[PDB]
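Participant: Dumping the structure here so I can ask a few things about it.
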Ligand SMILES: [Zn+2]
Ligand SMILES: [Zn+2]
Ligand SMILES: [Zn+2]
Ligand SMILES: [Zn+2]
Ligand SMILES: [Zn+2]
Ligand SMILES: [Zn+2]
């Protein structure tokens, strides 16, 4: 049978911490009451309606002397070309050989898993009579995150700082993907240039299969200048001297 | 026949037969070479002409009163014109 | 369209406290690339294979002088009776007029709800061309 | 005849001020001594060497039993297939019907002309017997300029300023494409943000055919922060208060 592909939307926190989620899927299963045979041997009859074709040709007049032949799925066998009396299949499928069942799959998203990574559930796809079921393949879709951008195992963020912080040193705090508060300290007497990047080592994403190893966090600094007229002209001399 | 049956597919396995007036004889069922009729009608046996009728409305005429111009309607081959 | 019925298994604690749960369902949606038309007007062709029937009659010999005629869904149009070139529909449906999409429904189970109670999501069932979706 | 295309490399100053330049080109002209006839009527003889083919097949042995046939241009008629005795053409062409002459073209580059603009000299290409000459087409190629980048009729430049200049106002001078010194003044109490753009109106490129109208000059400001440790920590408080 055909494999079923489903996108699983995951956050950066889900990918960092790991996540177990329950996915509800509706799939075709072989009808438990007739084991797909549709019905008993000799219960399966040619649909009289479409004469086994699955489809009926309906004639719609558009104008006198203009008829449109439309092919419609046959109402009496729903396209199957066969009819099975309810008593021979069950009061479930309806000569269809399958029933829609709701299955809950438990999905494990491991630490450090990547965008586009596949989680396969073997033989979990749609069942059909005389067909071995395909797989359900979940495709991991990473959601955009407001603070962090992921590059492989590394994380990138933009942090806004004032001119005073950029020149005189600073301390700031942010929330990481595990919910820890990280305190970043930059010593006085070192300058942060506008757009410059600094690194916080080991505060990136965990490696897949090796969650003890992590990438790095790169912080791009956006240096905010003070507004128009922030200082009296008389004090510009004192600033120049410094 | 004057008409052609054109088949329009609506979907694979749904065909609509539409009757269209035949492009080649404009519904007449016959064709006359231009040289045999003229460069006017076109095997049509008639031409559209613009006629000016002078209409006299007499004093005291009533709403719904009829003014008839005899034989002034459309001409057709082998047909005496209406009014 | 037909309504889709799904059993939602709930515990007594879920029914007592109330519960919000996310249900992932796969449904047929109209193909965004051809708006169900399947393809452009005149892109829809009769399947040559089954001559518009959706099905092919395959002859299986059981023994010399015993042939079984089996009706199989036509491989070339997957039962539709029509074929649409990929370029006329998209590289998605495949002349099918629909695509399987995964939708997440947020389901609210209120306090005191009963066994057999129905929660309806209107128009959320399978879409088909020229058919208003069921619930 | 075929048109001759020549790239003319022009600077922004050339395009702003206008430029007259002399271009020396070598072209084929009809031989003044035989008027292309090659020679007198009956002076033109089939080349005996190549029997009128212009080419000779030379056999080079590569190994015994391996011969390479190479087609070479015929030495005796230089590919023409004909030979004209020197006395019948002149001591110039040599039965060639043309001579290489050096022509100087005066090229006018007007104010506001654009990259890729064509200057055509009609009938100035190579002459051949019984062929009307093609044109010489000069294609203007704008050279990169160290300070200014041109966009249509507008000019762009990057100007570096200190943090003090960005906050307290500044005055600077630059040399324009006409060689004028432009003094740009920015008033005190207005801030220049890093990477912000300002405009000096009417200091762009002149419009082609309308050199009284000019585009604008856009100045991107690159704000230079002071280096690491530029101020004593004790003075950081005084800076914060301002
Ligand atoms: Zn069944
Ligand atoms: Zn049927
Ligand atoms: Zn489609
Ligand atoms: Zn088919
Ligand atoms: Zn000569
Ligand atoms: Zn020769």
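We're sticking with Swiss-Prot numbering for chain A, so the shown stretch reads 113-354, in order.
The way this entry was determined, per its header, is electron microscopy, 6.9 Å.
Cβ from N, Cα, C; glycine included.
Just lifted these from Swiss-Prot, have a look:
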MOD_RES   A:123  phosphoserine
ZN_FING   A:130-214  zinc finger
CROSSLNK  A:134  SUMO2 cross-link
REPEAT    A:143-150  repeat 'CXXCXGXG motif'
BINDING   A:143, A:146, A:202, A:205  Zn(2+) 1 binding site
MOD_RES   A:152  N6-acetyllysine
BINDING   A:159, A:162, A:186, A:189  Zn(2+) 2 binding site
REPEAT    A:159-166  repeat 'CXXCXGXG motif'
REPEAT    A:186-193  repeat 'CXXCXGXG motif'
REPEAT    A:202-209  repeat 'CXXCXGXG motif'
Participant: Roughly how many angstrom lie between the C-alpha atoms of the residue listed as 'SUMO2 cross-link' and residue A:143 (Zn(2+) 1 binding site)?
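Facilitator: That separation, Cα to Cα, works out to 25 Å.
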Participant: Using DSSP, break the zinc finger (A:130-214) down into helix, strand and coil residues and give each count.
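Facilitator: Its residues divide into 4 helix, 40 strand, 41 coil.
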Participant: Other residues with Cβ within 8 Å of the Cβ centroid of A:143, A:146, A:202, A:205 at the Zn(2+) 1 site?
Facilitator: A:144, A:145, A:147, A:148, A:150, A:151, A:201, A:204, A:206, A:207, A:208, A:209, A:210, A:211
Participant: Could you tell me which of the recorded positions A:123, A:146, A:202, A:205 have their C-beta within a distance under 6 angstroms of some atom of ligand 1?
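Facilitator: Cβ under 6 Å from ligand 1: A:146, A:202, A:205.
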Participant: Could you tell me whether the repeat 'CXXCXGXG motif' (A:143-150) and the repeat 'CXXCXGXG motif' (A:159-166) have 3+ CB pairs under 8 A, leaving out pairs under 6 positions apart?
Facilitator: no
Participant: So how many other Cβ atoms are close to residue A:159 (Zn(2+) 2 binding site), meaning within 10 Å of its Cβ?
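Facilitator: Here the count is 22.
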Participant: If I take the alpha carbons of residue A:146 (Zn(2+) 1 binding site) and residue A:159 (Zn(2+) 2 binding site), what is the distance between them in whole Å?
Facilitator: 19
Participant: What kind of secondary structure is residue A:123 (phosphoserine) part of, going by DSSP in three states?
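Facilitator: Once the DSSP labels are grouped into three classes, residue A:123 (phosphoserine) ends up as coil.
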Participant: Of the recorded positions A:123, A:143, A:152, A:202, A:205, which sits closest to residue A:189 (Zn(2+) 2 binding site) by Cα distance?
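Facilitator: For residue A:189 (Zn(2+) 2 binding site), the closest Cα among A:123, A:143, A:152, A:202, A:205 is found at A:205.
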Participant: Looking at the recorded positions listed here (A:123, A:152, A:159, A:162, A:186), whose Cα lies nearest to that of residue A:205 (Zn(2+) 1 binding site)?
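Facilitator: Spatially nearest to residue A:205 (Zn(2+) 1 binding site) by Cα position is A:152.
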Participant: In the same chain, outside A:159, A:162, A:186, A:189, whose C-beta lies within 8 angstroms of the Cβ mean position for the Zn(2+) 2 site?
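Facilitator: So the extra residues in range turn out to be A:160, A:161, A:163, A:164, A:165, A:166, A:167, A:168, A:187, A:188, A:190, A:191, A:192, A:193, A:194, A:195.
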Participant: Which of the listed binding-site residues (A:146, A:189, A:202) has the least company, meaning the fewest other Cβ atoms within 10 Å of its Cβ?
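Facilitator: With the binding-site residues A:146, A:189, A:202, fewest surrounding Cβ atoms within 10 Å: A:202.
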